[PDB]
Each structure stands twice: as C-alpha cells, then as structure tokens.
$ cat my_file.cif   # mmCIF, C-alpha atoms and all ligand atoms
data_structure
loop_
_atom_site.group_PDB
_atom_site.id
_atom_site.type_symbol
_atom_site.label_atom_id
_atom_site.label_comp_id
_atom_site.auth_asym_id
_atom_site.auth_seq_id
_atom_site.Cartn_x
_atom_site.Cartn_y
_atom_site.Cartn_z
ATOM 1 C CA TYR A 1 101.301 102.086 96.262
ATOM 2 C CA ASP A 2 98.810 100.652 98.774
ATOM 3 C CA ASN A 3 98.356 102.434 102.104
ATOM 4 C CA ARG A 4 97.507 99.240 104.002
ATOM 5 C CA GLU A 5 100.779 97.671 102.817
ATOM 6 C CA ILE A 6 102.683 100.798 103.833
ATOM 7 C CA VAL A 7 101.147 100.625 107.314
ATOM 8 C CA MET A 8 101.587 96.856 107.742
ATOM 9 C CA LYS A 9 105.221 96.925 106.630
ATOM 10 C CA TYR A 10 106.103 99.940 108.814
ATOM 11 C CA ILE A 11 104.596 98.352 111.933
ATOM 12 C CA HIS A 12 106.376 95.062 111.105
ATOM 13 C CA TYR A 13 109.639 97.017 111.027
ATOM 14 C CA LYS A 14 109.051 98.807 114.336
ATOM 15 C CA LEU A 15 108.073 95.522 115.999
ATOM 16 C CA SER A 16 111.176 93.809 114.586
ATOM 17 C CA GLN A 17 113.467 96.551 115.969
ATOM 18 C CA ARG A 18 112.329 95.359 119.403
ATOM 19 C CA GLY A 19 112.470 91.685 118.428
ATOM 20 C CA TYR A 20 108.672 91.297 118.529
ATOM 21 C CA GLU A 21 106.887 88.993 116.067
ATOM 22 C CA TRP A 22 103.708 89.841 114.159
ATOM 23 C CA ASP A 23 101.478 87.379 112.303
ATOM 24 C CA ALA A 24 99.377 89.846 110.251
ATOM 25 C CA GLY A 25 102.598 91.164 108.694
ATOM 26 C CA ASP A 26 104.410 87.977 107.654
ATOM 27 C CA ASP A 27 101.508 87.502 105.234
ATOM 28 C CA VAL A 28 102.242 90.549 103.086
ATOM 29 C CA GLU A 29 105.957 89.638 103.171
ATOM 30 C CA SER A 30 107.148 100.177 96.049
ATOM 31 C CA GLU A 31 110.103 98.876 98.137
ATOM 32 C CA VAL A 32 111.672 102.358 97.869
ATOM 33 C CA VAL A 33 108.681 103.841 99.696
ATOM 34 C CA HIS A 34 109.138 101.429 102.617
ATOM 35 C CA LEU A 35 112.888 102.048 102.797
ATOM 36 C CA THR A 36 112.462 105.830 102.706
ATOM 37 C CA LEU A 37 109.757 105.680 105.361
ATOM 38 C CA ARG A 38 111.929 103.417 107.567
ATOM 39 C CA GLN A 39 114.855 105.830 107.301
ATOM 40 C CA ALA A 40 112.686 108.936 107.811
ATOM 41 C CA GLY A 41 110.906 107.485 110.834
ATOM 42 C CA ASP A 42 114.188 106.364 112.384
ATOM 43 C CA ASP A 43 115.636 109.867 111.938
ATOM 44 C CA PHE A 44 112.488 111.439 113.410
ATOM 45 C CA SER A 45 112.830 109.158 116.429
ATOM 46 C CA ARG A 46 116.489 110.157 116.956
ATOM 47 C CA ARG A 47 115.555 113.837 116.693
ATOM 48 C CA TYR A 48 112.747 113.414 119.244
ATOM 49 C CA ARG A 49 114.303 110.722 121.417
ATOM 50 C CA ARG A 50 113.639 112.312 124.801
ATOM 51 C CA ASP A 51 110.074 113.281 123.862
ATOM 52 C CA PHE A 52 109.363 109.727 122.689
ATOM 53 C CA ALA A 53 110.825 108.370 125.923
ATOM 54 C CA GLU A 54 108.284 110.449 127.827
ATOM 55 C CA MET A 55 105.367 109.648 125.521
ATOM 56 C CA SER A 56 106.022 105.911 125.857
ATOM 57 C CA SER A 57 105.583 106.071 129.635
ATOM 58 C CA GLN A 58 102.496 108.310 129.338
ATOM 59 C CA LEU A 59 100.374 106.447 126.747
ATOM 60 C CA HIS A 60 98.489 104.660 129.565
ATOM 61 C CA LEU A 61 97.162 102.044 127.168
ATOM 62 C CA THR A 62 94.172 99.847 127.975
ATOM 63 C CA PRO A 63 92.113 97.714 125.565
ATOM 64 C CA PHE A 64 89.063 100.000 125.906
ATOM 65 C CA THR A 65 90.812 103.410 125.796
ATOM 66 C CA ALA A 66 93.595 102.862 123.236
ATOM 67 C CA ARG A 67 91.348 103.866 120.330
ATOM 68 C CA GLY A 68 90.593 107.215 121.966
ATOM 69 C CA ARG A 69 94.259 107.753 122.864
ATOM 70 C CA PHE A 70 95.199 107.195 119.205
ATOM 71 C CA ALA A 71 92.507 109.575 117.954
ATOM 72 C CA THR A 72 93.436 112.273 120.486
ATOM 73 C CA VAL A 73 97.090 112.270 119.565
ATOM 74 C CA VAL A 74 96.554 112.080 115.825
ATOM 75 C CA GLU A 75 93.970 114.883 115.712
ATOM 76 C CA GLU A 76 96.289 117.147 117.702
ATOM 77 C CA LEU A 77 99.168 116.246 115.373
ATOM 78 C CA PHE A 78 97.356 117.360 112.212
ATOM 79 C CA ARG A 79 95.805 120.489 113.800
ATOM 80 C CA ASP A 80 97.896 122.838 111.614
ATOM 81 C CA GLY A 81 97.338 120.731 108.503
ATOM 82 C CA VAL A 82 99.406 118.106 106.746
ATOM 83 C CA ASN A 83 103.034 117.931 105.607
ATOM 84 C CA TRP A 84 105.635 115.173 105.191
ATOM 85 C CA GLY A 85 107.224 115.607 108.602
ATOM 86 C CA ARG A 86 103.832 115.182 110.274
ATOM 87 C CA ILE A 87 103.009 112.075 108.223
ATOM 88 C CA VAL A 88 106.292 110.516 109.380
ATOM 89 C CA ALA A 89 105.420 111.610 112.942
ATOM 90 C CA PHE A 90 102.086 109.783 112.511
ATOM 91 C CA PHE A 91 103.763 106.543 111.418
ATOM 92 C CA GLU A 92 106.285 106.741 114.266
ATOM 93 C CA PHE A 93 103.501 107.334 116.798
ATOM 94 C CA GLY A 94 101.613 104.322 115.515
ATOM 95 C CA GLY A 95 104.853 102.364 115.767
ATOM 96 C CA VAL A 96 105.394 103.373 119.404
ATOM 97 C CA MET A 97 101.808 102.423 120.232
ATOM 98 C CA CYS A 98 102.238 98.940 118.704
ATOM 99 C CA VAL A 99 105.537 98.470 120.537
ATOM 100 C CA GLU A 100 104.017 99.507 123.868
ATOM 101 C CA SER A 101 100.973 97.295 123.249
ATOM 102 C CA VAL A 102 103.209 94.209 122.953
ATOM 103 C CA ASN A 103 105.372 95.491 125.838
ATOM 104 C CA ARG A 104 102.343 95.755 128.143
ATOM 105 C CA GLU A 105 100.847 92.337 127.227
ATOM 106 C CA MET A 106 98.115 93.810 125.057
ATOM 107 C CA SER A 107 99.368 92.239 121.798
ATOM 108 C CA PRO A 108 95.899 92.116 120.136
ATOM 109 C CA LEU A 109 95.833 95.939 119.973
ATOM 110 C CA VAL A 110 98.490 95.802 117.230
ATOM 111 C CA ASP A 111 95.891 94.583 114.728
ATOM 112 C CA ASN A 112 93.493 97.339 115.782
ATOM 113 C CA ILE A 113 96.147 100.017 115.434
ATOM 114 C CA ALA A 114 97.041 98.957 111.906
ATOM 115 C CA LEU A 115 93.342 99.365 111.123
ATOM 116 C CA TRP A 116 93.061 102.868 112.601
ATOM 117 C CA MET A 117 96.249 103.994 110.876
ATOM 118 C CA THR A 118 95.041 102.610 107.543
ATOM 119 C CA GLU A 119 91.629 104.206 108.059
ATOM 120 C CA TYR A 120 93.196 107.543 108.977
ATOM 121 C CA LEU A 121 95.478 107.303 105.970
ATOM 122 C CA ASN A 122 92.696 106.757 103.502
ATOM 123 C CA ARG A 123 90.131 109.174 104.994
ATOM 124 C CA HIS A 124 92.174 112.165 106.192
ATOM 125 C CA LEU A 125 95.696 112.070 104.638
ATOM 126 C CA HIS A 126 95.406 110.451 101.179
ATOM 127 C CA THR A 127 94.116 113.554 99.380
ATOM 128 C CA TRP A 128 96.983 115.739 100.615
ATOM 129 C CA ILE A 129 99.337 112.984 99.511
ATOM 130 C CA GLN A 130 98.072 112.795 95.925
ATOM 131 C CA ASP A 131 97.885 116.581 95.766
ATOM 132 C CA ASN A 132 101.529 116.909 96.817
ATOM 133 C CA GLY A 133 102.739 114.427 94.214
ATOM 134 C CA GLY A 134 102.294 111.107 96.001
ATOM 135 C CA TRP A 135 104.841 108.920 97.731
ATOM 136 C CA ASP A 136 107.395 109.324 94.946
ATOM 137 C CA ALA A 137 107.549 112.984 95.989
ATOM 138 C CA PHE A 138 108.562 111.715 99.438
ATOM 139 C CA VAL A 139 111.140 109.351 97.952
ATOM 140 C CA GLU A 140 112.305 112.294 95.796
ATOM 141 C CA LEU A 141 112.902 114.386 98.898
ATOM 142 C CA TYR A 142 114.371 112.007 101.518
ATOM 143 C CA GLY A 143 115.305 108.737 99.785
ATOM 144 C CA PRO A 144 118.703 107.018 99.584
HETATM 145 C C1 LIG B 1 106.898 112.295 120.885
HETATM 146 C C2 LIG B 1 106.469 113.551 120.127
HETATM 147 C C3 LIG B 1 107.666 114.133 119.378
HETATM 148 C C4 LIG B 1 105.303 113.261 119.195
HETATM 149 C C5 LIG B 1 105.475 112.299 118.204
HETATM 150 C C6 LIG B 1 104.429 111.970 117.355
HETATM 151 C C7 LIG B 1 103.203 112.581 117.498
HETATM 152 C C8 LIG B 1 103.015 113.535 118.481
HETATM 153 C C9 LIG B 1 104.065 113.897 119.322
HETATM 154 C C10 LIG B 1 103.891 115.015 120.327
HETATM 155 C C11 LIG B 1 102.610 114.901 121.146
HETATM 156 C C12 LIG B 1 102.487 116.274 121.773
HETATM 157 C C13 LIG B 1 103.316 117.196 120.865
HETATM 158 N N1 LIG B 1 103.691 116.343 119.725
HETATM 159 C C14 LIG B 1 104.812 116.836 118.891
HETATM 160 C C15 LIG B 1 104.630 118.291 118.399
HETATM 161 C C16 LIG B 1 105.233 117.838 117.055
HETATM 162 C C17 LIG B 1 106.746 118.077 116.940
HETATM 163 C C18 LIG B 1 107.268 117.492 115.637
HETATM 164 N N2 LIG B 1 106.576 118.104 114.502
HETATM 165 C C19 LIG B 1 107.240 118.113 113.271
HETATM 166 C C20 LIG B 1 106.543 118.353 112.085
HETATM 167 C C21 LIG B 1 107.218 118.500 110.884
HETATM 168 C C22 LIG B 1 108.605 118.423 110.820
HETATM 169 C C23 LIG B 1 109.266 118.695 109.503
HETATM 170 O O1 LIG B 1 110.348 119.279 109.427
HETATM 171 N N3 LIG B 1 108.492 118.458 108.379
HETATM 172 S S1 LIG B 1 109.111 118.486 106.851
HETATM 173 O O2 LIG B 1 109.760 119.755 106.715
HETATM 174 O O3 LIG B 1 108.029 118.135 105.981
HETATM 175 C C24 LIG B 1 110.329 117.218 106.772
HETATM 176 C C25 LIG B 1 111.656 117.518 107.028
HETATM 177 C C26 LIG B 1 112.596 116.500 107.017
HETATM 178 C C27 LIG B 1 112.247 115.177 106.740
HETATM 179 N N4 LIG B 1 113.200 114.190 106.737
HETATM 180 C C28 LIG B 1 114.629 114.415 106.605
HETATM 181 C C29 LIG B 1 115.372 113.177 106.114
HETATM 182 C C30 LIG B 1 115.295 112.025 107.111
HETATM 183 C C31 LIG B 1 116.050 110.785 106.617
HETATM 184 C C32 LIG B 1 117.516 111.071 106.298
HETATM 185 C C33 LIG B 1 118.298 111.399 107.562
HETATM 186 O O4 LIG B 1 118.103 109.894 105.709
HETATM 187 C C34 LIG B 1 117.568 112.224 105.301
HETATM 188 C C35 LIG B 1 116.837 113.474 105.799
HETATM 189 C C36 LIG B 1 110.878 114.922 106.475
HETATM 190 N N5 LIG B 1 110.388 113.591 106.171
HETATM 191 O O5 LIG B 1 109.178 113.439 106.029
HETATM 192 O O6 LIG B 1 111.195 112.676 106.140
HETATM 193 C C37 LIG B 1 109.933 115.923 106.493
HETATM 194 C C38 LIG B 1 109.295 118.146 112.003
HETATM 195 O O7 LIG B 1 110.680 118.118 111.960
HETATM 196 C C39 LIG B 1 111.320 117.030 111.349
HETATM 197 C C40 LIG B 1 112.707 117.024 111.314
HETATM 198 N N6 LIG B 1 113.433 115.987 110.844
HETATM 199 C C41 LIG B 1 112.720 114.950 110.395
HETATM 200 N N7 LIG B 1 113.231 113.790 109.885
HETATM 201 C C42 LIG B 1 112.183 112.965 109.547
HETATM 202 C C43 LIG B 1 110.999 113.571 109.825
HETATM 203 C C44 LIG B 1 111.304 114.854 110.369
HETATM 204 C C45 LIG B 1 110.597 115.948 110.863
HETATM 205 C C46 LIG B 1 108.634 117.980 113.206
HETATM 206 C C47 LIG B 1 105.127 117.878 114.546
HETATM 207 C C48 LIG B 1 104.537 118.444 115.827
HETATM 208 C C49 LIG B 1 104.794 116.408 117.411
#

$ encode --input "my_file.cif" --output "structure tokens" --more "lines below"
Ligand SMILES: CC(C)c1ccccc1[C@@H]1CCCN1C1CC2(CCN(c3ccc(C(=O)NS(=O)(=O)c4ccc(NC[C@H]5CC[C@](C)(O)CC5)c([N+](=O)[O-])c4)c(Oc4cnc5[nH]ccc5c4)c3)CC2)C1
Amino acid sequence: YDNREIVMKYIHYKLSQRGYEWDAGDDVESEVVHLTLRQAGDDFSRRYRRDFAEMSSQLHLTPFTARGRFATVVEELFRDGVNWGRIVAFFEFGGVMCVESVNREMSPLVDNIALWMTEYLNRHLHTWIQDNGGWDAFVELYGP
C-alpha cells in the first residue's frame, strides 16, 4: 500500500465524477483500499452535502494562496487528533479542492494538491495509520 497511489487514484476518481481529465493519474492506471476509500468518501460527502456546498463557494482559490488554504483547513481538521472519519474527510477535502481548481481554470493546482496530500499523509498521518492496523483495518471496518 503506497500513499501516493492512494492519493493519485482518489483524486482521479473525484475528477472523473465531474467528467474532468487528469494526466498525472492515467499513468498509475490494494484495489480494495481504493474501492473502500471511494465508497467512504462518497458517503461522507452525502452526509455533509450542504456543508460541502458552502465550502466549495468559500475556498477562494488562487495560485499563490491555495497552499495556505489547504494547510489551514487540514490543520484545523486534525486538531483533536486522528481517526478514520477524519482521514476520509481529508481525502474528500482534497478532492473538492482539485475539482474547484479545474472548475476555476486553475488546473495546474491539481498536481500541487496531490503533492501536499501525499506529503501530509507521509509526515503527519502515516504513523497513526500503522499504529491502528493499517489500511486493511479500514477495509475491515467499512469495505464491501
Ligand atoms: C465541508 C466540511 C464537512 C468539512 C469537510 C472536510 C474538512 C473540513 C470540513 C469542515 C471545515 C470546518 C469544519 N469542518 C468539519 C468539522 C468536521 C465534521 C466531520 N467530522 C467527522 C469526523 C469523524 C467522523 C466519524 O464518524 N469518524 S469514524 O467514527 O472514524 C467513521 C465512521 C464511519 C465511517 N464510514 C461508514 C461507512 C461508509 C461507507 C458505507 C456507507 O458503505 C458503509 C459505512 C468512517 N470511515 O472512515 O469510513 C469513519 C465523522 O462522521 C462520519 C460519519 N459517516 C462517515 N462515513 C464516512 C466517513 C464518515 C464520517 C465526521 C470531522 C470534523 C469537518
């Protein structure tokens, strides 16, 4: 299980739900992890549909401030610590930011966001993940 593949494939899925293409992701084109994450993120987005509708209009993305927007949101999200729900929330947020970046003619940001997600995965969330039994724990809990 490779965190960059998990990130790439999740963003590819979010972009495809809006009919948007992505070059960095055709390249990479463990499957149970991606399915479970797809399903979990979709459910999270139905549960929080009205809040996501508001967050999409209030991201205020620009090429020079999107990094700080990402960091602000993600640090607030993990303020109480880490759990599976908040990791899915993190993926869904990154998905919404990539969608809005293409939607607002800032397509290049998608490659930056995949970086920051990957980075944040490996630096600040990977320990908790191993220590709670890895991604097969997640597939154990919410899989098909
Ligand atoms: C737009 C906004 C909402 C937002 C989004 C992203 C970032 C920030 C924000 C905003 C910015 C300002 C405030 N901020 C919000 C405050 C905030 C509210 C949300 N909150 C959190 C934090 C943890 C949980 C939480 O319950 N954890 S859990 O017990 O580990 C857990 C429980 C259930 C699942 N899956 C169930 C599974 C799905 C697939 C099925 C259907 O096939 C089978 C069943 C998972 N799981 O990982 O899949 C983990 C949560 O509730 C759910 C309820 N059901 C969910 N289903 C998928 C994820 C998920 C999370 C909300 C975190 C804090 C975020």

$ residues_near_ligand --input "my_file.cif" --ligand "ligand LIG 1 (chain B)" --cutoff "6 Å" --atoms "all atoms listed in the file" --output "tab-separated table (two decimals) with C-alpha atoms, keeping the file's coordinate frame"
chain	number	residue	atom	x	y	z
A	39	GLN	CA	114.86	105.83	107.30
A	40	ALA	CA	112.69	108.94	107.81
A	41	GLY	CA	110.91	107.48	110.83
A	43	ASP	CA	115.64	109.87	111.94
A	44	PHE	CA	112.49	111.44	113.41
A	48	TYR	CA	112.75	113.41	119.24
A	51	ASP	CA	110.07	113.28	123.86
A	52	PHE	CA	109.36	109.73	122.69
A	55	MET	CA	105.37	109.65	125.52
A	77	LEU	CA	99.17	116.25	115.37
A	83	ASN	CA	103.03	117.93	105.61
A	84	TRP	CA	105.64	115.17	105.19
A	85	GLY	CA	107.22	115.61	108.60
A	86	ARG	CA	103.83	115.18	110.27
A	88	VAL	CA	106.29	110.52	109.38
A	89	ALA	CA	105.42	111.61	112.94
A	90	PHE	CA	102.09	109.78	112.51
A	93	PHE	CA	103.50	107.33	116.80
A	142	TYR	CA	114.37	112.01	101.52

$ resolve_selection --input "my_file.cif" --expression "the PyMOL selection byres (((chain A and resi 35-38) around 9) and not hetatm)" --output "PyMOL selection string"
chain A and resi 6+10+13-14+31-34+39-43+88+91+138-139+142-144

$ resolve_selection --input "my_file.cif" --expression "the PyMOL selection byres (((chain A and resi 99-102) around 8) and not hetatm)" --output "number ranges by chain"
A: 14-15, 18, 20, 56, 61, 95-98, 103-110

$ closest_residue --input "my_file.cif" --among "A:112, A:127, A:118, A:62" --to "residue 5 of chain A" --atoms "only C-alpha atoms"
A:118

$ atom_distance --input "my_file.cif" --atom1 "atom CA of residue 71 of chain A" --atom2 "atom CA of residue 123 of chain A"
13.2 Å

$ atom_distance --input "my_file.cif" --atom1 "atom CA of residue 19 of chain A" --atom2 "atom CA of residue 7 of chain A"
18.2 Å

$ atom_distance --input "my_file.cif" --atom1 "atom CA of residue 46 of chain A" --atom2 "atom CA of residue 131 of chain A"
28.9 Å

$ closest_residue --input "my_file.cif" --among "A:125, A:53, A:45, A:60" --to "residue 74 of chain A" --atoms "all atoms listed in the file"
A:125
